[PDB]
Amino acid sequence: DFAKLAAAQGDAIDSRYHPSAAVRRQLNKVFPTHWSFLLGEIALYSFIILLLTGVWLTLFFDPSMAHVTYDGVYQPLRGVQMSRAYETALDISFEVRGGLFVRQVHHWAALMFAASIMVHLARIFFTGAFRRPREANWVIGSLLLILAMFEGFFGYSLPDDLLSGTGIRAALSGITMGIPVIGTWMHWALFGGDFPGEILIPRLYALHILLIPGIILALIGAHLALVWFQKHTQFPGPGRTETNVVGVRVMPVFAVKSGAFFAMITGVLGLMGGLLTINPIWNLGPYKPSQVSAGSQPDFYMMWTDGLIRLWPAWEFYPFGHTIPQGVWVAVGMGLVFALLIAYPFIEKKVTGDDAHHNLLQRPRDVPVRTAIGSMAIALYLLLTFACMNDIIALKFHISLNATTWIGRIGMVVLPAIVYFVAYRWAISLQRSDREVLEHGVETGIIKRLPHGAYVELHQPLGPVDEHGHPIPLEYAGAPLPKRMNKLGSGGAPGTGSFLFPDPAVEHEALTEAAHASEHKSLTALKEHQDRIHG
Amino acid sequence: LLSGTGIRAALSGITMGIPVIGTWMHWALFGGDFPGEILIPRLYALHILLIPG
Amino acid sequence: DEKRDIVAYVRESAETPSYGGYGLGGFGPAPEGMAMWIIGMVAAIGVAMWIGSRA
Amino acid sequence: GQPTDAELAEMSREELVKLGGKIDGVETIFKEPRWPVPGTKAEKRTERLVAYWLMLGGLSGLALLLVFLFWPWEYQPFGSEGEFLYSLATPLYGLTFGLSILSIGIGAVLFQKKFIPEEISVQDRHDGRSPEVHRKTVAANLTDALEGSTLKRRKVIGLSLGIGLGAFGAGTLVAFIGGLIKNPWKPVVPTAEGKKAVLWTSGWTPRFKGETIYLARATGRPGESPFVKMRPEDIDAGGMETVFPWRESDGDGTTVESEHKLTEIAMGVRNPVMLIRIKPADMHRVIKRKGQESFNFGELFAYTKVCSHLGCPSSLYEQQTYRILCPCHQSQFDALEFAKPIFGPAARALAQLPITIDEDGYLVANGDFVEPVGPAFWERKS
Amino acid sequence: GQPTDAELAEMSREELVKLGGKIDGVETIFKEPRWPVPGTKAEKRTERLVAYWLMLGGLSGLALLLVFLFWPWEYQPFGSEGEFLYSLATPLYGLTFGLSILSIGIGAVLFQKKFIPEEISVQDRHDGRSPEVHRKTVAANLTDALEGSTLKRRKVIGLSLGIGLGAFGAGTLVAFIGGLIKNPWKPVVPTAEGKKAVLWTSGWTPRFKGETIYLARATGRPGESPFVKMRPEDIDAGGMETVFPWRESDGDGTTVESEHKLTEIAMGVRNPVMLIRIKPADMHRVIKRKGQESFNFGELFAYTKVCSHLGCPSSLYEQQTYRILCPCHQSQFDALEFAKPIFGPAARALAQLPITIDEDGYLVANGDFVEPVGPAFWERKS
């Protein structure tokens, strides 16, 4: 009697505790059903998969520089001195059943985590979800992005590899020693000595499996709690206002679709871990200061920092008996990048004057200057990433390596400007298109007038039509406009039988008019609620 | 010496004496025989992240 | 002898199948990041567009 | 406007759901089932579709189980029967797992989009500026806690608590971080000129005056005799060889005392050097640095491999251009001239090792680098 | 019974605190200040007392800082000038830190107990069985979510989702745990009788038929020649020596190839053995096990050190009692008889190594243990 068991368990729960009101509030919480609001969930799900795979990895990983000869199964690396970290990474790859798959899905989850964090940041920035109520949310999310970047750095640096080791040597060691007053001291504190200090990988292992994941988990908890209680913002729409949330309740629909989305994201990541090879360390010999490779790139989320290193033009200053190497330039650049990213909402409000409580998102077209600035920043980030990749770009796409370096150097001040101008004008022209639709109706096929030979596109008005043909223009309300009669009530009733065979006409008619009734009922309910809010 | 002797007693002997799956649990935990080269890394994971979490 | 060993390694690395799926060229970070951003992120975003709504 | 003391008994499920929405500020508008018409076969087809997706997920999960338990996993040497099975083993694990969970997710999404009823529930958002009753009551509670405590009236306690907390925090933070803090300039590495700091000294620093440091070539032999003495004739015009600072005392790796000295030589960050043979025809284009004019032994030039910018090895030697390129950040150093950077982030030249030949003709270092060899840092160029 | 729309403006702090308590179900009774009478000098003394405690905390925190920054820390070898300072270095760190924070805590407690007003606030506890409105509305919401979803009507979906989730969970759990699951009885250790399991084989198992396994004494020499061949004359009546299975191939630890075989010998769980010289007077009290009657060489008996119960070494030896005691759980084995347990948790006798002397008189195992030597397990005694 599962129904009786459920009832008895509910009564016992509500007697021991009293979660009825709280649970009802959680279940009844309404979440907007916009697709772009799942971008953060992608990052959350990738993070969960990262935790689950990282536990498995830690069950088999040994962090240490203790030198050992492999003497494993992988023949191409036998008798070669390597760190125990590399040896156990190879053991995960080969000796452990499914260890290669687990580590590959872990790395793919890391890449998807960074990518989805970037996409979510783009969504919120361009939609203006950081304004008065949620600047703190933006700030903690920026800290979260920085932590994710650096944890991925430490994660692919954990198995001491040739690629990851040379990346560490460059970024960490060089840029740390570069810092003027405390650079060498920071280097010695972090590595416990010179660069190959025998505590580096244990320290990174701790930072990567316990410390940084703990901070990220706490910050994700704060992030999700803030989103939960500062009810999720929404785009302007029929019944959507600054003081309501139009969407679906948590329990019946949102919970089911979020769980299913998590399942599908897990499936995508597992499929990638299977079919796509990620970081094949066995091809990469154990780290040695002398051995190198041509590629020498970090993961894509640090590729922009590496590209900054490459592109910045070797400007070194030599104060009285001292040196200020080119690494400090990039250190300051990264500092500026993070500072501006964290402080943008406050910069935005200082610049514009907006101190209003904003609960309705802005369309990126509707906010041109911010959209232009975001496009400019994305262009700069892409230029830096492809500058880091300039080695492989030059190799495959036959471009001189010097040519790619200087393309990056010039474009990091030219391409941002071009993209800013283009994005600003593009946003304004999207606004112009929206107003054209508002004032003339949707466009359709052309018709030749009866008496004379005029051609008229035979538009379709979206609002009340004047006594004559031309309609009364509507007022823009911040919501997208249907520019195709495709997406309106036109040409949308295929035979509802099946792909290969029809259904009885009675069934088809019943279904089609039932759907018509349901959709017009939804439209009428939204219209009535909209009229009720002010009217 | 002290703590490794304690491990050898409890974790190894008790685990490996269990009738149906004792040796299997011992080998799964230690990656092999008692002094298996993964015991302390596994305990480190368990002790800094997994169990404290 | 050393040159023969290098030749053997070159041939082995050239003819060795990529363990753990399609080997995206041989360059790790750049092909892997591109494959993420295309395959994984287009899949995720398209699935999000399917599940959610446009408005 | 009443809590429905006894009407809940006869209130139906729909009425109770509406009441809950009302209490929570949620008004459910157009909660309509997906299949109002009963008995239609389109409903059965959609049912079968979601069932097929869930069953595909289950079959793929069973496939994951079966392939994981029974498949030719385990590394297979090159060109051996079973290599193909091993190569597509992990792909099969990932394919089965991902397909299973993806199909389950697709089935769940289809159930939500086809069977779970459609709603446009609208929740009243009470964001911002809690009602004045709550605000003023919280303010009163906090202010009463602060003032009643009699703080901001015991000046001595106010200052003493601040001093105590500040001193304790200072002591605790300093004791937390002093374990990590180390002096980079503590003289530790022994040298002919007494113990010196690590950054100044590399494997090429003479431990005692007049020590012989051979430019030993690092044969890839796994462990035994990894470094072997070197002769100028071994290199030929337009050739580069990575050499290391090997000492007679640092004999082959057969012993345990050795194979730690050799490991230290191999792992020395500032140890590896590139010995390049400048072509005799191109020897006339060489421009030499101050104090490094006699460093080259005839047409042999020894430059540190560590890039002068962030310290990656600069191994990519290009002959017929005499350019030592670094792969980490694409910086070229003109080997013909003193190895000065002529492109890329680097701004300082690579340190040039003084080389010569000892008795028996083996290549040895004729001294130490006249400058620190790794990447630059604050305490440099003086 | 009204929310005080505009009364809050003139409501005082006490009234607002009472209102908040009322809203939260909290009635603050007897919230009285500690010092109603003003100007008294007992108040000043108490103020100064809490101030003194906080100032002691601050002074001790500064002491922690100064001691940590400037104290002769670092190990001092032994009987060395500075050894006394080092010995109380860490105690001083702990003393200063603990005293500082303890004094801060004492000051805070005294401030709470002497200055913060005393209250006996009583909160209304609404525990158990949320009001029927909430219970029934939650039940209605959950039941509407379940039934409206149309589940428990699509038997094919109900069963398919269960099958899919179960299969996926099975596959995922098996894939998670199969990396760990290893077969204890995979024949890996080579032996004269082919590869055998690790539990069956020890360091005393002859790798090839007729192999010589000397009972090498483990000298404490740090690294070089750790194991040295042994002779019967070395022990004297009532003597115990810990010996290991040393092979001629496992030469001294000078080489890298050696010092790994030797490390394996030292770290072998079942390798160490105790060689006991039974006193000739007491040799007549010896009882011998089935198949172990000729194992002893004259008055030499070689018993495994690993205790038969949980595998700790049984290193303690009592002569004139001939009792091999295990420190882990106080089990005694009668060495005179076959090393059968005559006390403690152990129930199986220690395995007896056959021993003899080869040419030159060096002690060598005359075979292998006729039983598994470590602690017992399921697959044993057959």
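Per-chain numbering from 1; labels A, B, C, D and E assigned in written order.
Note that a residue touches a chain if its C-beta (ideal position, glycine included) is under 8 Å from a C-beta of that chain, and two chains touch if they have at least 3 such contacts.
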Shared interface partners, meaning chains that touch chain C and chain D: A
Chain D on chain E, rotation in degrees - Cα superposition, rounded to nearest 5: 180
Between A-D and A-E, the pair joined by more C-beta contacts: A-D
Chain closest to the assembly centre - both centres taken as Cα means: D
Gap in Å, rounded to a whole number, between the CA centres of chain D and chain B: 31
Distance from the mean Cα position of chain D to that of chain A, given in whole angstrom: 20
Chain B-chain C separation of Cα centroids, rounded to whole Å: 37
Geometric centre distance via CA averages, chain E-chain B, whole Å: 9
For chain A, residues that touch 2 or more chains besides their own: 24, 28, 59-60, 76, 97-98, 100-101, 104, 252, 256-257, 260-261, 264-265, 268-269, 272-275, 295
Contacts with two or more other chains, residues of chain D listed in rising order: 20, 23, 68, 75, 78, 90-91, 93-94, 96-97, 100-101, 103-104, 107-109, 111-112, 116-117, 223
Junction residues of chain C - those touching two or more other chains: 12, 16, 18-21, 50-51
Pairwise touch network: line, ring, star, complete, or other: other
Contact pairs between chains, per stated definition: A-B, A-C, A-D, A-E, B-E, C-D, D-E
Interfacial residue positions of chain A with respect to chain E in the complex: 10, 14-16, 18-21, 23-24, 27-28, 56, 59-60, 96-99, 101-102, 251-252, 256
Touching residues on chain E, where the partner in the complex is chain B: 177, 180-185, 198-199, 267, 269, 309-312, 328-329, 375-379
Residue ranges of chain D touching chain C (in the complex, touch as defined): 75, 78-79, 83-84, 86-87, 90-91, 94, 109, 112-113, 219-220
In the complex, chain A residues that touch chain C: 33-39, 42, 76, 93, 100-101, 104, 107-108, 111-112, 115-116, 119, 163, 235, 237, 257, 260-261, 264-265, 268-269, 272-280, 282-284, 295, 297-300, 303, 385, 389, 392, 479-480
Complex contacts: residues of chain A adjacent to chain D: 24-25, 28-30, 67, 69, 73-76, 78-81, 94, 97-98, 100-101, 104-105, 133, 166-167, 169-171, 173-175, 177-181, 183-185, 187-190, 192-196, 230-231, 239, 242-249, 252-253, 256-257, 259-275, 288-296, 306, 309-310, 312-316, 318, 321-327, 357, 359, 390-391, 401-402, 405, 496-498, 503, 507, 510-511, 514, 517-518, 521-522, 525-526, 529
